[PDB]
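What follows is one chain in structure tokens, specifically the form deposited in one PDB entry.
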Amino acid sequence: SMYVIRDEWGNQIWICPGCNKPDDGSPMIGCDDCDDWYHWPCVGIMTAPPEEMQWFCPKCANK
């Protein structure tokens, strides 16, 4: 969410906080608290989670 940059058209490109690199067209998942977006491998995901399952990023999963 602060991990967002813009292109010449005003479009937004999200940056993965896990690897600190941009959306490169590969699958991504969004935190259900802070709405940062991550590449699947950077949070250990190989297949889609159960579609109803809540997902939270490592910062929001802290206790």
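Note that the rigid core is defined as the largest set of C-alphas that superpose within 1.5 Å between two forms. From 1 onward, residues are counted along the sequence shown.
The PDB entry reports B-factors from which the mean C-alpha value can be compared for 51-59 and 12-20; the larger average falls on 51-59. Residue 2: CA B factor lies in the highest third for its chain, per the PDB record.
The following text describes the form deposited in another entry, which does not appear among the structures shown.
Once both forms are fitted on their rigid core, the CA atom of residue 47 lies less than 2 Å apart between this form and the one not shown.
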